[PDB]
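Novice: Sharing work_4.csv below, CSV, C-alpha atoms and all ligand atoms:
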chain,number,residue,atom,x,y,z
A,1,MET,CA,0.0,0.0,0.0
A,2,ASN,CA,1.2,3.5,-0.7
A,3,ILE,CA,-0.1,7.0,-0.9
A,4,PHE,CA,-1.3,6.6,-4.5
A,5,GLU,CA,-3.2,3.4,-3.8
A,6,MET,CA,-4.6,4.8,-0.6
A,7,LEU,CA,-5.9,8.0,-2.2
A,8,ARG,CA,-7.1,6.1,-5.3
A,9,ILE,CA,-9.2,4.2,-2.9
A,10,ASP,CA,-10.5,7.2,-1.0
A,11,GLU,CA,-11.3,9.4,-4.1
A,12,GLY,CA,-12.2,6.9,-6.8
A,13,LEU,CA,-11.8,7.6,-10.5
A,14,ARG,CA,-14.3,9.3,-12.8
A,15,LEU,CA,-13.6,10.3,-16.4
A,16,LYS,CA,-16.4,12.8,-16.6
A,17,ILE,CA,-17.0,16.0,-14.7
A,18,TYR,CA,-18.9,15.3,-11.6
A,19,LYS,CA,-20.0,17.0,-8.4
A,20,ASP,CA,-18.3,16.1,-5.2
A,21,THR,CA,-20.1,15.5,-1.8
A,22,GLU,CA,-19.9,19.3,-1.5
A,23,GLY,CA,-21.4,19.9,-5.0
A,24,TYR,CA,-18.2,21.1,-6.6
A,25,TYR,CA,-17.1,20.4,-10.0
A,26,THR,CA,-14.5,17.7,-10.0
A,27,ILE,CA,-12.9,15.2,-12.3
A,28,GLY,CA,-10.5,12.1,-12.2
A,29,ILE,CA,-9.1,11.0,-8.9
A,30,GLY,CA,-10.4,13.8,-6.7
A,31,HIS,CA,-9.3,16.7,-8.8
A,32,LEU,CA,-11.3,19.7,-7.8
A,33,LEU,CA,-12.0,21.7,-10.8
A,34,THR,CA,-13.9,24.6,-9.3
A,35,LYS,CA,-16.0,26.0,-6.6
A,36,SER,CA,-18.1,27.9,-9.0
A,37,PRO,CA,-21.6,26.7,-10.0
A,38,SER,CA,-20.9,27.3,-13.7
A,39,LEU,CA,-20.5,24.1,-15.3
A,40,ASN,CA,-19.1,26.1,-18.1
A,41,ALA,CA,-16.6,27.4,-15.8
A,42,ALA,CA,-15.8,23.9,-14.9
A,43,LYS,CA,-15.1,22.9,-18.6
A,44,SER,CA,-12.8,25.8,-19.1
A,45,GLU,CA,-10.8,25.0,-16.0
A,46,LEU,CA,-10.8,21.4,-17.2
A,47,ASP,CA,-9.6,22.4,-20.7
A,48,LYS,CA,-6.8,24.6,-19.1
A,49,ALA,CA,-5.7,21.8,-16.9
A,50,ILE,CA,-5.5,19.2,-19.6
A,51,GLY,CA,-4.2,21.5,-22.5
A,52,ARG,CA,-7.0,20.6,-25.0
A,53,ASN,CA,-10.7,20.8,-25.5
A,54,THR,CA,-12.0,17.9,-23.6
A,55,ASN,CA,-15.4,18.9,-23.6
A,56,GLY,CA,-15.8,17.6,-20.0
A,57,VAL,CA,-14.3,14.2,-20.6
A,58,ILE,CA,-10.7,12.8,-20.2
A,59,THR,CA,-8.9,9.7,-20.5
A,60,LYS,CA,-7.5,7.4,-17.7
A,61,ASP,CA,-4.1,8.6,-18.6
A,62,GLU,CA,-5.1,12.2,-18.2
A,63,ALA,CA,-6.6,11.5,-14.8
A,64,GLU,CA,-3.5,9.8,-13.6
A,65,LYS,CA,-1.4,12.7,-14.8
A,66,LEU,CA,-3.5,15.2,-12.8
A,67,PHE,CA,-3.3,12.8,-9.9
A,68,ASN,CA,0.5,12.6,-10.0
A,69,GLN,CA,0.6,16.4,-10.0
A,70,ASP,CA,-1.8,16.7,-7.2
A,71,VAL,CA,0.1,14.2,-4.9
A,72,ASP,CA,3.4,16.0,-5.7
A,73,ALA,CA,2.0,19.3,-5.0
A,74,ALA,CA,0.5,18.0,-1.8
A,75,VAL,CA,3.9,16.8,-0.7
A,76,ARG,CA,5.6,20.0,-1.6
A,77,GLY,CA,3.0,21.9,0.1
A,78,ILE,CA,3.6,20.2,3.4
A,79,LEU,CA,7.3,20.6,3.1
A,80,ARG,CA,7.1,24.3,2.8
A,81,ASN,CA,4.3,24.7,5.2
A,82,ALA,CA,5.7,25.7,8.6
A,83,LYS,CA,3.2,24.3,11.0
A,84,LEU,CA,3.4,21.2,8.8
A,85,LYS,CA,6.9,20.3,8.0
A,86,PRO,CA,8.0,19.5,11.5
A,87,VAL,CA,5.2,17.2,12.1
A,88,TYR,CA,5.7,15.4,8.9
A,89,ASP,CA,9.4,15.0,9.5
A,90,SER,CA,8.7,13.6,12.9
A,91,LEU,CA,6.5,10.9,11.5
A,92,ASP,CA,7.1,7.4,10.3
A,93,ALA,CA,6.2,6.6,6.7
A,94,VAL,CA,2.6,5.3,7.1
A,95,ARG,CA,1.7,8.2,9.2
A,96,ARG,CA,3.2,10.6,6.7
A,97,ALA,CA,0.8,9.1,4.0
A,98,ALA,CA,-2.1,9.9,6.3
A,99,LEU,CA,-1.1,13.5,6.6
A,100,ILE,CA,-0.6,13.7,2.8
A,101,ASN,CA,-4.1,12.3,2.4
A,102,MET,CA,-5.6,15.0,4.6
A,103,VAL,CA,-3.7,17.8,2.9
A,104,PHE,CA,-4.8,16.5,-0.5
A,105,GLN,CA,-8.3,16.4,0.6
A,106,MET,CA,-8.4,19.6,2.6
A,107,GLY,CA,-5.6,21.8,1.7
A,108,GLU,CA,-2.7,23.1,3.8
A,109,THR,CA,-5.1,25.4,5.4
A,110,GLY,CA,-7.8,23.1,6.5
A,111,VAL,CA,-5.1,20.8,7.7
A,112,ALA,CA,-3.6,23.7,9.4
A,113,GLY,CA,-6.8,23.8,11.8
A,114,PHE,CA,-5.9,20.4,13.4
A,115,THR,CA,-3.5,22.2,15.5
A,116,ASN,CA,-4.6,20.5,18.6
A,117,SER,CA,-4.6,17.0,17.2
A,118,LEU,CA,-1.4,17.6,15.3
A,119,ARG,CA,0.5,18.8,18.3
A,120,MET,CA,-0.7,15.6,20.0
A,121,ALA,CA,0.5,13.8,16.9
A,122,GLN,CA,3.9,15.6,17.1
A,123,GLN,CA,3.9,14.2,20.8
A,124,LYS,CA,3.2,10.5,19.5
A,125,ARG,CA,-0.1,10.4,21.7
A,126,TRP,CA,-1.9,8.3,19.1
A,127,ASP,CA,-5.1,7.9,21.1
A,128,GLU,CA,-5.8,11.5,22.1
A,129,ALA,CA,-5.0,13.1,18.9
A,130,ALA,CA,-7.3,10.7,17.2
A,131,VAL,CA,-10.2,11.4,19.4
A,132,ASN,CA,-9.6,15.1,18.9
A,133,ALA,CA,-9.5,14.9,15.1
A,134,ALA,CA,-12.8,13.2,15.3
A,135,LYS,CA,-14.5,16.3,16.5
A,136,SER,CA,-14.4,18.0,13.3
A,137,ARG,CA,-16.6,19.0,10.5
A,138,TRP,CA,-14.3,16.8,8.3
A,139,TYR,CA,-15.2,13.7,10.2
A,140,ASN,CA,-18.9,14.5,10.4
A,141,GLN,CA,-19.1,15.1,6.7
A,142,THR,CA,-17.1,12.1,5.4
A,143,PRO,CA,-17.0,9.8,8.4
A,144,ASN,CA,-16.0,6.6,6.6
A,145,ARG,CA,-13.1,8.2,5.0
A,146,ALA,CA,-12.1,10.2,8.0
A,147,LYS,CA,-12.1,7.0,10.0
A,148,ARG,CA,-9.7,5.3,7.7
A,149,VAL,CA,-7.4,8.2,7.8
A,150,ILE,CA,-7.4,8.7,11.5
A,151,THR,CA,-6.9,4.9,12.1
A,152,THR,CA,-3.9,5.0,9.8
A,153,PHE,CA,-2.5,8.0,11.6
A,154,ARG,CA,-3.0,6.6,15.0
A,155,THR,CA,-1.9,3.1,14.3
A,156,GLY,CA,0.8,3.6,11.7
A,157,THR,CA,-0.5,0.5,9.9
A,158,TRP,CA,-2.6,0.2,6.7
A,159,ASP,CA,-5.2,-2.0,8.4
A,160,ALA,CA,-8.1,0.3,7.4
A,161,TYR,CA,-7.3,-0.1,3.9
A,162,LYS,CA,-7.4,-3.9,3.9
A,201,AR,AR,-3.7,15.0,13.5
A,202,AR,AR,-5.4,12.5,13.2
A,203,CL,CL,-4.1,21.8,-13.1
A,204,CL,CL,-16.4,8.8,3.4
Hey, can you dump this file as C-alpha cells for me?
Ligand SMILES: [Ar]
Ligand SMILES: [Ar]
Ligand SMILES: [Cl-]
Ligand SMILES: [Cl-]

Specialist:
Amino acid sequence: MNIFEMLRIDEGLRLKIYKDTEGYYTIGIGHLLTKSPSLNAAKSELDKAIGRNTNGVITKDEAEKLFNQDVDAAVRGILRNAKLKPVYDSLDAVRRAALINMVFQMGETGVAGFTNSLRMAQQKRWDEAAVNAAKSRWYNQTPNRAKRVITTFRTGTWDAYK
C-alpha cells in the first residue's frame, strides 16, 4: 500500500466531470475543478488543466497525470508549510501518508486547523489526537473516509485499507 493506492481508494476515479459531496465540480481522482456553479466554468478549468478541448471528458491517462501532479503538489506543500513540515518530519512513513491524504483532501489550510490533534501527533499520543480529530466538520461530513485516515494515523499500519 502507498499514498497513491490509498488515495485512489478514498477518491475513486471518474472520467467525466462530476460534483463532489460538496457539490463542486471535479474530475479524475479527486481533482477539484472549481467551486463555482458554472459548469461552463468547470469545462474551461478542465480544458486549461489538460491542455486541450476535452469537452468535459478525459482519458485514464489524463486523470493519472492530474493525480501525479496533485500528490506531488500535496507533498511539496507540506514541506514548505511551517506548522506542517516539522510534524511530517517527525512521523514514520505510514503516518506521513495519512497526513498527505488529509492535505490533498483539505488543503494546507484546512489541515492547518488540526492544530490540537497535530500537536498531540507531534507528541506521539496516538489515542488523544485521534479522538480530537474526530471532533471536526471533516469527520462528520465524510465519516468513513475520516475514519480510515485517523486509524492510519493513529496506528501507523494500513489495516483500514485492507
Ligand atoms: Ar492529527
Ligand atoms: Ar489525526
Ligand atoms: Cl491543473
Ligand atoms: Cl467517506

Novice: Kindly compile the residues surrounding ligand CL 203 (chain A) within 10 Å, counting all atoms listed in the file, and format them as number ranges by chain.

Specialist: A: 31-33, 45-51, 65-67, 69-70

Novice: Within 12 Å of residue A:68, counting only C-alpha atoms, which residues qualify if same-chain residues fewer than 6 places away don't, as a list in words?

Specialist: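 Non-adjacent residues within range: residues 3, 4, 5, 7, 8, 28, 29, 30, 31, 61, 62, 74, 75 and 104 of chain A.
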
Novice: Please identify all protein, DNA and RNA residues within 6 Å of ligand AR 202 (chain A), counting all atoms listed in the file, and report them as a PyMOL selection string.

Specialist: chain A and resi 129-130+133+150+153

Novice: For the selection just defined, write its residues with C-alpha atoms to a file, as a PDB file, in the frame of the given file.

Specialist:
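Saved result, result.pdb, follows:
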ATOM      1  CA  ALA A 129      -5.000  13.100  18.900  1.00  0.00           C
ATOM      2  CA  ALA A 130      -7.300  10.700  17.200  1.00  0.00           C
ATOM      3  CA  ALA A 133      -9.500  14.900  15.100  1.00  0.00           C
ATOM      4  CA  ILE A 150      -7.400   8.700  11.500  1.00  0.00           C
ATOM      5  CA  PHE A 153      -2.500   8.000  11.600  1.00  0.00           C
TER       6      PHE A 153
END

Novice: Between atom CA of residue A:106 and atom CA of residue A:83, what is the distance in Å, rounded to a tenth?

Specialist: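 Going from atom CA of residue A:106 over to atom CA of residue A:83 covers 15.1 Å.
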
Novice: Can you tell me how far atom CA of residue A:158 sits from atom CA of residue A:15, in Å to one decimal?

Specialist: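 So the answer is 27.5 Å.
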
Novice: From the list A:27, A:111, A:146, A:160, which residue is nearest ligand CL 204 (chain A) when using only C-alpha atoms and all ligand atoms?

Specialist: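 Ranking A:27, A:111, A:146, A:160 by distance to ligand CL 204 (chain A), first place goes to A:146.
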
Novice: Can you tell me which residues come within 12 Å of ligand AR 201 (chain A) when counting all atoms listed in the file, ideally as a ChimeraX atom specification?

Specialist: /A:83-84,87-88,91,95-96,98-103,110-136,138,146,149-154

Novice: Please, which residues have at least one atom within 7 Å of an atom of ligand CL 204 (chain A), using all atoms listed in the file, listed as a list in words?

Specialist: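 For ligand CL 204 (chain A), the residues inside 7 Å are residues 142, 143, 144, 145 and 146 of chain A.
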
Novice: Emit the selected residues as a PDB file, keeping the file's coordinate frame, including C-alpha atoms.

Specialist:
ATOM      1  CA  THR A 142     -17.100  12.100   5.400  1.00  0.00           C
ATOM      2  CA  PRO A 143     -17.000   9.800   8.400  1.00  0.00           C
ATOM      3  CA  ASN A 144     -16.000   6.600   6.600  1.00  0.00           C
ATOM      4  CA  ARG A 145     -13.100   8.200   5.000  1.00  0.00           C
ATOM      5  CA  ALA A 146     -12.100  10.200   8.000  1.00  0.00           C
TER       6      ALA A 146
END

Novice: What's the separation between atom CA of residue A:59 and atom CA of residue A:107, in Å to one decimal place?

Specialist: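 That distance, rounded to one decimal, is 25.5 Å.
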
Novice: Nearest residue to residue A:16 out of A:81, A:157, A:55, A:105, using only C-alpha atoms?

Specialist: A:55

Novice: Using all atoms listed in the file, which of the listed residues (A:40, A:108, A:10, A:2) sits closest to residue A:85?

Specialist: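 Of all the options, A:108 lies closest to residue A:85.
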
Novice: Which is closest to residue A:97 among A:43, A:35, A:13, A:1, if we use only C-alpha atoms?

Specialist: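 Ranked by minimum distance to residue A:97, first place goes to A:1.
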
Novice: Under the rule that only C-alpha atoms are counted, which of A:41, A:137, A:17, A:80 is the nearest residue to residue A:57?

Specialist: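 Ranked by minimum distance to residue A:57, first place goes to A:17.
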
Novice: Given the point (-15.5, 21.1, -6.2) in the coordinates of this file, which residues lie within 8 Å, counting only C-alpha atoms, and how would they look as an mmCIF file with C-alpha atoms, in the coordinates of the input?

Specialist:
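Output contents, as saved in point-v3.cif:
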data_model
loop_
_atom_site.group_PDB
_atom_site.id
_atom_site.type_symbol
_atom_site.label_atom_id
_atom_site.label_comp_id
_atom_site.auth_asym_id
_atom_site.auth_seq_id
_atom_site.Cartn_x
_atom_site.Cartn_y
_atom_site.Cartn_z
ATOM 1 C CA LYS A 19 -20.000 17.000 -8.400
ATOM 2 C CA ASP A 20 -18.300 16.100 -5.200
ATOM 3 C CA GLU A 22 -19.900 19.300 -1.500
ATOM 4 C CA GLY A 23 -21.400 19.900 -5.000
ATOM 5 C CA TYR A 24 -18.200 21.100 -6.600
ATOM 6 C CA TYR A 25 -17.100 20.400 -10.000
ATOM 7 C CA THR A 26 -14.500 17.700 -10.000
ATOM 8 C CA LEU A 32 -11.300 19.700 -7.800
ATOM 9 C CA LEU A 33 -12.000 21.700 -10.800
ATOM 10 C CA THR A 34 -13.900 24.600 -9.300
ATOM 11 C CA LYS A 35 -16.000 26.000 -6.600
ATOM 12 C CA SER A 36 -18.100 27.900 -9.000
#

Novice: Would you mind completing stretch 24-44 of chain A to N, CA and C atoms and writing the output as a compact mmCIF listing (two decimals), in the coordinates of the input?

Specialist:
# COMPACT_ATOMS: atom_id res chain seq x y z
N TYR A 24 -19.19 20.39 -5.77
CA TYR A 24 -18.20 21.10 -6.60
C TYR A 24 -17.74 20.28 -7.69
N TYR A 25 -17.53 20.98 -8.77
CA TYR A 25 -17.10 20.40 -10.00
C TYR A 25 -15.71 19.76 -9.83
N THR A 26 -15.67 18.50 -10.20
CA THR A 26 -14.50 17.70 -10.00
C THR A 26 -14.35 16.71 -11.15
N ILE A 27 -13.13 16.21 -11.27
CA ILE A 27 -12.90 15.20 -12.30
C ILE A 27 -11.73 14.27 -11.76
N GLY A 28 -11.51 13.12 -12.43
CA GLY A 28 -10.50 12.10 -12.20
C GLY A 28 -10.48 11.47 -10.80
N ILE A 29 -9.34 11.56 -10.20
CA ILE A 29 -9.10 11.00 -8.90
C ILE A 29 -9.20 12.16 -7.89
N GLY A 30 -10.38 12.71 -7.67
CA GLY A 30 -10.40 13.80 -6.70
C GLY A 30 -9.81 15.14 -7.05
N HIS A 31 -9.74 15.40 -8.36
CA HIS A 31 -9.30 16.70 -8.80
C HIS A 31 -10.32 17.73 -8.87
N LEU A 32 -10.37 18.57 -7.79
CA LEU A 32 -11.30 19.70 -7.80
C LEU A 32 -11.14 20.68 -8.98
N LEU A 33 -12.17 20.82 -9.77
CA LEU A 33 -12.00 21.70 -10.80
C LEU A 33 -12.35 23.13 -10.36
N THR A 34 -13.52 23.29 -9.77
CA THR A 34 -13.90 24.60 -9.30
C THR A 34 -14.95 24.58 -8.29
N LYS A 35 -14.96 25.71 -7.59
CA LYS A 35 -16.00 26.00 -6.60
C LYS A 35 -17.22 26.64 -7.24
N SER A 36 -17.00 27.31 -8.31
CA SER A 36 -18.10 27.90 -9.00
C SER A 36 -19.10 26.83 -9.52
N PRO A 37 -20.32 27.35 -9.59
CA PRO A 37 -21.60 26.70 -10.00
C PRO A 37 -21.66 26.55 -11.55
N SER A 38 -20.88 27.36 -12.24
CA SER A 38 -20.90 27.30 -13.70
C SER A 38 -20.23 26.02 -14.22
N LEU A 39 -21.06 25.22 -14.78
CA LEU A 39 -20.50 24.10 -15.30
C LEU A 39 -19.63 24.47 -16.52
N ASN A 40 -19.94 25.63 -17.04
CA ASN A 40 -19.10 26.10 -18.10
C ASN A 40 -17.76 26.46 -17.59
N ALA A 41 -17.79 27.09 -16.45
CA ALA A 41 -16.60 27.40 -15.80
C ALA A 41 -15.73 26.16 -15.61
N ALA A 42 -16.42 25.12 -15.18
CA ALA A 42 -15.80 23.90 -14.90
C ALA A 42 -15.09 23.29 -16.16
N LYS A 43 -15.73 23.37 -17.33
CA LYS A 43 -15.10 22.90 -18.60
C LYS A 43 -13.77 23.60 -18.99
N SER A 44 -13.86 24.93 -18.81
CA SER A 44 -12.80 25.80 -19.10
C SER A 44 -11.52 25.45 -18.27
